[PDB]
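Asker: Take this structure first; my questions come after.
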Amino acid sequence: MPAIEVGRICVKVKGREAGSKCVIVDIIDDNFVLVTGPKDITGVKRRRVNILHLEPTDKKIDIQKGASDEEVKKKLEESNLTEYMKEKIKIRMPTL
């Protein structure tokens with residue numbers, strides 16, 4: 001079942017409230033996972049971590065293991081969940 005694996009959505013639990021949402025696309029090991037987001041939609045930078053402080057949410061997208069940005073974008077689009085994933089919070093600049 002989707003948990004620390006593809007399809008399961010995760011979010012920055014602590015750091016800047018909740019201004020970053022990501023999904024796991026590639027699993028290296030139990031700790032080493034690659035998280036990413038919709039490139040053209042939200043602009044989520046992909047990063048490979050050993051799970052430092054990242055906790056999954058309740059929401060899940062409909063994809064398989066071994067997907068791409070293309071895959072996620074289209075499947076997210078169909079599920080109408082694109083806007084929720086595009087939703088940006090705490091995107092405030094330090095100086096303005």
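Ordering of the structure tokens sets the chain letters (A, B, ...); residue numbers start at 1 within each chain; ligands are numbered from 1 in the order shown.
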Give me the residues within 8 Å of residue A:47 as a list in words, counting only C-alpha atoms and dropping any in the same chain fewer than 6 places off.
Answerer: residues 34, 35 and 36 of chain A
Asker: I need the residues in chain A that are strand (DSSP E or B) according to DSSP; give them as an NGL selection string.
Answerer: :A and (8-11 or 21-27 or 33-36 or 47-49 or 55-60)
Asker: Keeping only C-alpha atoms, take the residues you just selected and write them out as a CSV table (one decimal), in the first residue's frame.
Answerer:
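So the final result, stored in out_29.csv, reads:
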```csv
chain,number,residue,atom,x,y,z
A,8,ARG,CA,1.5,8.8,-1.3
A,9,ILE,CA,1.8,12.6,-0.9
A,10,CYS,CA,4.0,14.2,1.8
A,11,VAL,CA,4.4,17.6,3.2
A,21,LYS,CA,4.1,19.6,-0.8
A,22,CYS,CA,5.9,16.7,-2.5
A,23,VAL,CA,5.4,13.1,-3.7
A,24,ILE,CA,7.7,10.1,-3.7
A,25,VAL,CA,8.6,8.9,-7.2
A,26,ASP,CA,11.7,6.7,-6.7
A,27,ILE,CA,12.6,4.6,-3.7
A,33,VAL,CA,13.9,8.3,-1.1
A,34,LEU,CA,13.5,10.7,-4.0
A,35,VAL,CA,10.7,13.3,-3.5
A,36,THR,CA,9.5,15.6,-6.3
A,47,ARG,CA,15.6,16.1,-3.7
A,48,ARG,CA,16.9,12.8,-2.5
A,49,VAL,CA,16.9,12.5,1.3
A,55,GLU,CA,5.9,13.1,7.1
A,56,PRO,CA,3.2,11.8,4.6
A,57,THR,CA,-0.3,13.2,4.6
A,58,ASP,CA,-3.7,11.4,4.1
A,59,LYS,CA,-4.0,12.2,0.4
A,60,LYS,CA,-2.9,9.9,-2.4
```
Asker: From stretch 5-87 of chain A, collect each residue whose DSSP state is alpha helix (DSSP H) and return the set as a PyMOL selection string.
Answerer: chain A and resi 69-78+82-86
Asker: At a cut-off of 9 Å, using only C-alpha atoms, what residues contact residue A:85? Leave out same-chain residues fewer than 3 positions from it and give the result as a list in words.
Answerer: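 Answer for this query is residues 21, 22, 37, 38, 41, 42, 76, 81, 82 and 88 of chain A.
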Asker: Hey, what's within 7 Å of residue A:51 if we count only C-alpha atoms and toss same-chain stuff fewer than 2 positions away? As a PyMOL selection string, please?
Answerer: chain A and resi 31-32+49+53-54
Asker: Export N, CA, C and O atoms of the chosen residues as a PDB file, in the first residue's frame?
Answerer:
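That gives us again.pdb:
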```pdb
ATOM      1  N   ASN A  31      15.399   4.470   3.976  1.00  0.00           N
ATOM      2  CA  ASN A  31      15.635   5.866   4.321  1.00  0.00           C
ATOM      3  C   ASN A  31      15.769   6.721   3.070  1.00  0.00           C
ATOM      4  O   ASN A  31      15.175   7.792   2.970  1.00  0.00           O
ATOM      5  N   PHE A  32      16.547   6.241   2.114  1.00  0.00           N
ATOM      6  CA  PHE A  32      16.854   7.019   0.924  1.00  0.00           C
ATOM      7  C   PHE A  32      15.689   7.003  -0.057  1.00  0.00           C
ATOM      8  O   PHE A  32      15.409   5.985  -0.693  1.00  0.00           O
ATOM      9  N   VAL A  49      16.589  12.395  -0.161  1.00  0.00           N
ATOM     10  CA  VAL A  49      16.901  12.484   1.258  1.00  0.00           C
ATOM     11  C   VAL A  49      16.842  11.117   1.927  1.00  0.00           C
ATOM     12  O   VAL A  49      16.374  10.146   1.338  1.00  0.00           O
ATOM     13  N   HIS A  53      13.184  14.856   8.134  1.00  0.00           N
ATOM     14  CA  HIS A  53      11.985  15.284   8.835  1.00  0.00           C
ATOM     15  C   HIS A  53      10.874  15.540   7.823  1.00  0.00           C
ATOM     16  O   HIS A  53      10.559  16.684   7.496  1.00  0.00           O
ATOM     17  N   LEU A  54      10.323  14.457   7.306  1.00  0.00           N
ATOM     18  CA  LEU A  54       9.266  14.528   6.310  1.00  0.00           C
ATOM     19  C   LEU A  54       8.188  13.509   6.648  1.00  0.00           C
ATOM     20  O   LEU A  54       8.483  12.331   6.849  1.00  0.00           O
TER      21      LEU A  54
END
```
Asker: Could you tell me how far atom CA of residue A:39 lies from atom CA of residue A:20, in Å and to one decimal?
Answerer: 13.1 Å
Asker: Please, what distance in Å, to one decimal, runs between atom CA of residue A:91 and atom CA of residue A:19?
Answerer: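 Those two atoms sit 6.7 Å apart.
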